[PDB]
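K.L.:
The structure follows.
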Amino acid sequence: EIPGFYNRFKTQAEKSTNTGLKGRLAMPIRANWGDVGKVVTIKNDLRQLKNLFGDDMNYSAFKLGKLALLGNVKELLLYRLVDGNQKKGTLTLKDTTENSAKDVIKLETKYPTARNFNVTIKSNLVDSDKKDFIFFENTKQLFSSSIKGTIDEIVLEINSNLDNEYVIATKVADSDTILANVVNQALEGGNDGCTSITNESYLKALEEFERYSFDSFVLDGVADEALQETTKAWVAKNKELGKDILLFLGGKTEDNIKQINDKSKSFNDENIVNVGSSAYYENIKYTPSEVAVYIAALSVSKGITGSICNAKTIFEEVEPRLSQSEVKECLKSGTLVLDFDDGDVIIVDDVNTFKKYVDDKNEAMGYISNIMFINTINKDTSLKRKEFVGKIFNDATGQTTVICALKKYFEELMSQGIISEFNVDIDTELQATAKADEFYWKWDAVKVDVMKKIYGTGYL
Amino acid sequence: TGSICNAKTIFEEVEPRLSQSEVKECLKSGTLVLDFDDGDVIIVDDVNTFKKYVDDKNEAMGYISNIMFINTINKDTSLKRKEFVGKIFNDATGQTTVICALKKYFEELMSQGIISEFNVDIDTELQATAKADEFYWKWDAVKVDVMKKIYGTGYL
Amino acid sequence: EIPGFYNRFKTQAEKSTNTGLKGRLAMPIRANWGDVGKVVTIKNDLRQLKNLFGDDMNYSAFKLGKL
């Protein structure tokens with residue numbers, strides 16, 4: 001640059017930061033409003049969810065999004081599910097100067113929907129040629145504007161202000177004629193999003209979700225069986241492909257605790273978590289899958305350095321309600337069920353559906369926190385792939401560098417206290433059999449536990 | 001001193017996109033195809049069209065880096081032609097000088113770590129049959145490999 | 001395989017082992033329940049015996065198996 005003393009101030013995020021959030025979650029959702037056919041990330045502010053997908057609790061989108069956000073996920077990734085017939089609302093405007101009136105402007109909702117987004121056009125009381133363009137939803141006004149009677153400036157203004165973000169205006173003809181007055185005319189022709197949604201839509205959503213990486217998946221708070229087996233196979237495929245995705249599920253409200261335990265027996269992969277209990281938060285019930293959304297969100301928000309075995313929930317009630325016998329039955333079945341151990345609703349344990357089996361996949365694998373730990377180690381290691389694969393020569397120096405980097409990572413874990421003991425070394429047994437263009441290595445560790453049970457004995 | 005089997009590319013998208021079955025099919029066919037192993041576009045492997053065949057032209061010949069190495073050795077050697085052809089007398093001294101120069105070159109390669117092991121010597125089998133105005137020589141080497149595959153096993 | 005860094009975790013029997021057992025024994029048995037006409041090996045967990053030959057002490061099978 002030219003000589004001088006040029007300041008560039010950067011008080012962007014000086015101390016406007018907090019560290020109370022973590023994790024990311026996947027969400028196929030049915031929605032009346034918002035983008036369609038894309039996987040969109042949502043920051044934890046619910047205002048973003050409300051803006052980008054509406055505020056209708058009749059739909060899985062807003063309700064499950066609110067539950068996930070209250071789960072304190074750092075970034076919530078959504079995908080709007082639709083049938084192919086799903087459509088945008090639309091309205092058309094016409095001129096009045098000519099006896100044979102001609103359509104000159106068309107209004108269409110910015111996102112596909114079927115809501116009663118309405119529009120009003122009336123004569124401007126100040127200027128003769130101006131028309132006052134006002135927009136509503138069921139007469140609840142969104143935005144008002146006034147432009148002279150030329151179509152180009154009218155559509156440009158209507159598309160300019162983001163107060164009119166609900167609707168897009170397009171020019172039908174290049175007229176300079178006075179528009180026709182409308183009063184609360186709905187943008188018709190749209191279709192909602194709950195229309196004929198089937199397993200194929202969920203399959204397409206999952207195929208879209210293959211692109212990204214996630215900490216957990218919950219399947220739209222829907223307990224349809226065939227979707228559950230499909231997602232089970234999909235997660236197994238993703239695991240075999242090096243994508244370590246965890247899955248939470250919730251049974252149907254009609255299922256008895258015996259049926260829920262049978263389903264939790266049917267699932268035995270460690271990445272499957274079955275939720276049995278229903279709950280109420282704002283005096284409104286939530287099916288086991290709807291609360292499975294929340295428990296998955298809370299789990300991913302916990303991340304490492306935590307668990308869920310007694311994490312307090314937002315729910316004001318829980319049902320069905322279990323004695324210690326029923327709780328033990330559910331845990332032995334691998335079911336996760338909420339509890340009312342105190343005046344609040346409390347998560348009973350960290351169990352997953354796998355826990356029915358014991359020894360080879362160890363008992364700690366029956367707990368979700370260990371699976372999150374293993375998936376995190378696999379993810380960081382598969383991040384190291386690109387640092388080390390195809391970039392170092394397999395000699396003693398390259399092996400030493402790889403081992404030193406992994407040792408530094410595990411020592412960082414040790415510094416956090418997550419691991420009580422570890423060692424990482426070359427797998428000389430397999431390294432002897434290794435081909436010259438490959439490397440084998442081994443590591444042992446001991447994750448630091450957490451009190452689930454405590455016992456006290458008193459003397460007087 | 002490098003390869004392409006995981007070199008990051010500048011490309012923001014790649015198509016057509018392949019499962020591991022398709023990738024294995026392409027590699028067995030000798031095809032080179034880009035991949036989206038992460039958020040970027042990444043080169044899958046070092047393979048060439050030859051790789052369909054295996055043993056005589058060895059499996060390392062199926063990889064482009066080995067061919068680049070062999071071509072470089074041939075090029076430097078065919079650079080040495082002008083230094084040695086028609087300029088030294090084929091006696092024991094000339095043969096020793098040629099062998100010493102080639103040994104120095106291969107030791108320079110060893111210093112760079114590209115070669116893990118080598119030996120270079122007169123091809124006494126063909127040198128016995130060699131005409132008086134020519135020279136035969138032999139060399140073995142071991143190019144240093146690179147991790148393409150890595151496997152880890154965990155204990156808790 | 002294709003190039004990559006593919007983990008395969010093997011926390012099967014990390015430290016879930018003990019050395020308090022040895023030996024093998026033959027047993028012709030009368031039983032109300034279980035397989036017939038085959039020589040079946042039973043691991044020392046009595047639950048395996050109970051599953052594969054019942055839990056009736058009236059028969060040589062369960063009683064002598066427990067012993």
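Ligands are numbered from 1 in the order shown, residues from 1 within each chain, and chains are lettered A, B, ... in the order they appear in the structure tokens.
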Distance limit 12 Å, atoms considered: only C-alpha atoms. Which chain A residues sit that close to chain C? Return them as a PyMOL selection string.

P.N.:
chain A and resi 239-244+358-365+371+374-375+377-390+435+437-446

K.L.:
As a PDB file with N, CA and C atoms, in the first residue's frame, please: the residues near residue 11 (chain B) (cut-off 9 Å, only C-alpha atoms, same-chain neighbours under 3 positions excluded).

P.N.:
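As a result, around-v2.pdb now contains:
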```
ATOM      1  N   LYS B   8      -4.565 -33.060  -1.943  1.00  0.00           N
ATOM      2  CA  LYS B   8      -5.783 -32.269  -2.034  1.00  0.00           C
ATOM      3  C   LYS B   8      -5.816 -31.523  -3.360  1.00  0.00           C
ATOM      4  N   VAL B  14     -16.856 -32.805  -7.466  1.00  0.00           N
ATOM      5  CA  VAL B  14     -16.405 -33.935  -8.268  1.00  0.00           C
ATOM      6  C   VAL B  14     -17.618 -34.765  -8.657  1.00  0.00           C
ATOM      7  N   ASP B  40     -13.434 -31.403   0.792  1.00  0.00           N
ATOM      8  CA  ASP B  40     -12.753 -31.050  -0.441  1.00  0.00           C
ATOM      9  C   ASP B  40     -12.777 -32.237  -1.400  1.00  0.00           C
ATOM     10  N   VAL B  41     -12.267 -32.010  -2.607  1.00  0.00           N
ATOM     11  CA  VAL B  41     -12.073 -33.062  -3.596  1.00  0.00           C
ATOM     12  C   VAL B  41     -10.647 -33.574  -3.462  1.00  0.00           C
ATOM     13  N   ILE B  42     -10.501 -34.890  -3.314  1.00  0.00           N
ATOM     14  CA  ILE B  42      -9.227 -35.520  -2.997  1.00  0.00           C
ATOM     15  C   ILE B  42      -8.942 -36.597  -4.033  1.00  0.00           C
TER      16      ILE B  42
END
```

K.L.:
Please provide as a PyMOL selection string all residues within 9 Å of residue 320 (chain A), with the sequence filter that same-chain residues fewer than 6 positions apart are discarded (counting only C-alpha atoms).

P.N.:
chain A and resi 256-257+276-279

K.L.:
Set the cut-off to 10 Å and count only C-alpha atoms: what are the residues of chain B that reach chain A? Output as number ranges by chain.

P.N.:
B: 1-8, 19-20, 36-39, 42, 45-46, 60, 113-114, 116, 143-156

K.L.:
With C-alpha atoms retained, could you export that selection as a JSON list (two decimals), in the first residue's frame?

P.N.:
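Generated output (selection-v9.json):
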```
[["chain", "number", "residue", "atom", "x", "y", "z"],
["B", 1, "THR", "CA", 9.76, -37.40, -2.74],
["B", 2, "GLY", "CA", 5.98, -37.43, -3.00],
["B", 3, "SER", "CA", 2.88, -38.92, -4.55],
["B", 4, "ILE", "CA", -0.74, -38.07, -5.38],
["B", 5, "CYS", "CA", -2.70, -40.82, -3.61],
["B", 6, "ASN", "CA", -4.23, -38.28, -1.20],
["B", 7, "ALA", "CA", -3.09, -34.89, -2.52],
["B", 8, "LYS", "CA", -5.78, -32.27, -2.03],
["B", 19, "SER", "CA", -18.89, -45.95, -3.43],
["B", 20, "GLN", "CA", -15.98, -48.08, -2.23],
["B", 36, "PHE", "CA", -14.78, -36.51, -2.02],
["B", 37, "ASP", "CA", -13.34, -38.28, 1.04],
["B", 38, "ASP", "CA", -13.75, -35.00, 2.97],
["B", 39, "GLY", "CA", -15.32, -31.59, 2.33],
["B", 42, "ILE", "CA", -9.23, -35.52, -3.00],
["B", 45, "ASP", "CA", -4.83, -43.17, -5.44],
["B", 46, "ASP", "CA", -1.59, -43.21, -7.45],
["B", 60, "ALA", "CA", 4.64, -50.67, -7.89],
["B", 113, "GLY", "CA", 15.90, -41.00, 1.84],
["B", 114, "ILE", "CA", 14.11, -41.87, -1.41],
["B", 116, "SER", "CA", 15.97, -47.57, 1.47],
["B", 143, "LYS", "CA", 12.26, -47.11, -3.32],
["B", 144, "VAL", "CA", 10.92, -45.89, 0.01],
["B", 145, "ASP", "CA", 7.18, -46.45, 0.21],
["B", 146, "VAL", "CA", 4.37, -44.21, 1.52],
["B", 147, "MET", "CA", 1.31, -44.99, 3.65],
["B", 148, "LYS", "CA", -1.68, -45.58, 1.44],
["B", 149, "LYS", "CA", -3.47, -47.85, 3.95],
["B", 150, "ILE", "CA", -3.39, -47.58, 7.74],
["B", 151, "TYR", "CA", -5.13, -49.74, 10.35],
["B", 152, "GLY", "CA", -5.61, -49.20, 14.07],
["B", 153, "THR", "CA", -6.89, -51.44, 16.85],
["B", 154, "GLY", "CA", -8.06, -50.15, 20.22],
["B", 155, "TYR", "CA", -8.08, -51.50, 23.76],
["B", 156, "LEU", "CA", -10.01, -50.00, 26.68]]
```

K.L.:
Quick one: pick out all alpha helix (DSSP H) residues within region 214-412 of chain A from a backbone DSSP run and write them as a PyMOL selection string.

P.N.:
chain A and resi 225-240+257-266+288-302+324-332+368-388+396-412

K.L.:
As a PDB file with N, CA, C and O atoms, in the first residue's frame, please: the residues near region 48-54 of chain B (cut-off 9 Å, only C-alpha atoms, same-chain neighbours under 2 positions excluded).

P.N.:
```
ATOM      1  N   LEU B  27      -9.961 -48.760  -9.605  1.00  0.00           N
ATOM      2  CA  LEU B  27      -8.546 -49.004  -9.344  1.00  0.00           C
ATOM      3  C   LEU B  27      -8.089 -50.316  -9.964  1.00  0.00           C
ATOM      4  O   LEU B  27      -6.993 -50.393 -10.533  1.00  0.00           O
ATOM      5  N   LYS B  28      -8.909 -51.362  -9.857  1.00  0.00           N
ATOM      6  CA  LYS B  28      -8.582 -52.625 -10.508  1.00  0.00           C
ATOM      7  C   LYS B  28      -8.508 -52.464 -12.018  1.00  0.00           C
ATOM      8  O   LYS B  28      -7.710 -53.139 -12.679  1.00  0.00           O
ATOM      9  N   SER B  29      -9.326 -51.576 -12.579  1.00  0.00           N
ATOM     10  CA  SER B  29      -9.276 -51.271 -14.000  1.00  0.00           C
ATOM     11  C   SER B  29      -8.097 -50.383 -14.376  1.00  0.00           C
ATOM     12  O   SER B  29      -7.872 -50.159 -15.570  1.00  0.00           O
ATOM     13  N   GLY B  30      -7.347 -49.874 -13.399  1.00  0.00           N
ATOM     14  CA  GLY B  30      -6.288 -48.926 -13.659  1.00  0.00           C
ATOM     15  C   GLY B  30      -6.744 -47.489 -13.776  1.00  0.00           C
ATOM     16  O   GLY B  30      -5.898 -46.601 -13.946  1.00  0.00           O
ATOM     17  N   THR B  31      -8.044 -47.228 -13.690  1.00  0.00           N
ATOM     18  CA  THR B  31      -8.544 -45.866 -13.786  1.00  0.00           C
ATOM     19  C   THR B  31      -8.124 -45.058 -12.566  1.00  0.00           C
ATOM     20  O   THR B  31      -8.088 -45.570 -11.443  1.00  0.00           O
ATOM     21  N   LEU B  32      -7.810 -43.788 -12.798  1.00  0.00           N
ATOM     22  CA  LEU B  32      -7.636 -42.802 -11.743  1.00  0.00           C
ATOM     23  C   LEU B  32      -8.874 -41.918 -11.699  1.00  0.00           C
ATOM     24  O   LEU B  32      -9.292 -41.378 -12.728  1.00  0.00           O
ATOM     25  N   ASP B  46      -2.715 -43.491  -6.564  1.00  0.00           N
ATOM     26  CA  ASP B  46      -1.594 -43.212  -7.451  1.00  0.00           C
ATOM     27  C   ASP B  46      -1.617 -44.076  -8.708  1.00  0.00           C
ATOM     28  O   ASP B  46      -0.615 -44.138  -9.428  1.00  0.00           O
ATOM     29  N   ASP B  56       5.039 -59.209 -13.749  1.00  0.00           N
ATOM     30  CA  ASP B  56       6.296 -58.912 -14.433  1.00  0.00           C
ATOM     31  C   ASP B  56       6.635 -57.430 -14.293  1.00  0.00           C
ATOM     32  O   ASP B  56       7.571 -57.073 -13.578  1.00  0.00           O
ATOM     33  N   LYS B  57       5.842 -56.543 -14.867  1.00  0.00           N
ATOM     34  CA  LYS B  57       5.939 -55.141 -14.501  1.00  0.00           C
ATOM     35  C   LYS B  57       5.253 -55.030 -13.144  1.00  0.00           C
ATOM     36  O   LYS B  57       4.036 -55.196 -13.043  1.00  0.00           O
ATOM     37  N   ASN B  58       6.040 -54.845 -12.086  1.00  0.00           N
ATOM     38  CA  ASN B  58       5.558 -55.143 -10.743  1.00  0.00           C
ATOM     39  C   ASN B  58       4.408 -54.214 -10.363  1.00  0.00           C
ATOM     40  O   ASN B  58       4.082 -53.251 -11.061  1.00  0.00           O
ATOM     41  N   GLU B  59       3.795 -54.520  -9.220  1.00  0.00           N
ATOM     42  CA  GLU B  59       2.627 -53.767  -8.780  1.00  0.00           C
ATOM     43  C   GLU B  59       2.978 -52.316  -8.493  1.00  0.00           C
ATOM     44  O   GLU B  59       2.130 -51.429  -8.645  1.00  0.00           O
ATOM     45  N   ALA B  60       4.218 -52.051  -8.076  1.00  0.00           N
ATOM     46  CA  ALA B  60       4.642 -50.669  -7.893  1.00  0.00           C
ATOM     47  C   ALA B  60       4.658 -49.917  -9.217  1.00  0.00           C
ATOM     48  O   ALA B  60       4.421 -48.705  -9.242  1.00  0.00           O
ATOM     49  N   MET B  61       4.912 -50.617 -10.329  1.00  0.00           N
ATOM     50  CA  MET B  61       4.810 -49.975 -11.638  1.00  0.00           C
ATOM     51  C   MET B  61       3.391 -49.513 -11.918  1.00  0.00           C
ATOM     52  O   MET B  61       3.189 -48.571 -12.693  1.00  0.00           O
ATOM     53  N   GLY B  62       2.399 -50.153 -11.298  1.00  0.00           N
ATOM     54  CA  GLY B  62       1.031 -49.685 -11.404  1.00  0.00           C
ATOM     55  C   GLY B  62       0.804 -48.314 -10.801  1.00  0.00           C
ATOM     56  O   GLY B  62      -0.227 -47.692 -11.076  1.00  0.00           O
ATOM     57  N   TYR B  63       1.738 -47.831  -9.983  1.00  0.00           N
ATOM     58  CA  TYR B  63       1.650 -46.521  -9.359  1.00  0.00           C
ATOM     59  C   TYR B  63       2.514 -45.523 -10.119  1.00  0.00           C
ATOM     60  O   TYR B  63       3.621 -45.845 -10.558  1.00  0.00           O
ATOM     61  N   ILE B  64       1.990 -44.305 -10.265  1.00  0.00           N
ATOM     62  CA  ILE B  64       2.629 -43.300 -11.107  1.00  0.00           C
ATOM     63  C   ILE B  64       3.957 -42.853 -10.512  1.00  0.00           C
ATOM     64  O   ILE B  64       4.892 -42.519 -11.251  1.00  0.00           O
TER      65      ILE B  64
END
```

K.L.:
List the neighbours of residue 351 (chain A) out to 9 Å using only C-alpha atoms; skip same-chain residues closer than 5 positions along the sequence, and give me the result as a list in words.

P.N.:
residues 273, 309, 331, 332, 334, 335, 336, 365, 366, 367, 368 and 369 of chain A

K.L.:
Counting only C-alpha atoms, which residue out of B:66, B:129, B:124, B:21 sits closest to residue 141 (chain B)?

P.N.:
B:66

K.L.:
Taking the chain letters and numbering used in this document, name the residues of region 14-213 of chain A that DSSP puts in strand (DSSP E), as JSON, numbers by chain.

P.N.:
{"A": [22, 23, 24, 25, 26, 27, 28, 29, 30, 39, 40, 41, 42, 43, 73, 74, 75, 76, 77, 78, 79, 80, 81, 90, 91, 92, 93, 94, 103, 104, 105, 106, 107, 108, 109, 117, 118, 119, 120, 121, 122, 123, 131, 132, 133, 134, 135, 136, 137, 140, 141, 142, 143, 144, 145, 146, 147, 167, 168, 169, 170, 171, 182, 183, 184, 185, 186]}

K.L.:
Give me the residues within 12 Å of residue 85 (chain B) as a list in words, counting only C-alpha atoms and dropping any in the same chain fewer than 3 places off.

P.N.:
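Contacts, with the query itself left out: residues 77, 78, 79, 80, 81, 82, 88, 89, 90, 94, 95, 98, 133, 134 and 135 of chain B.
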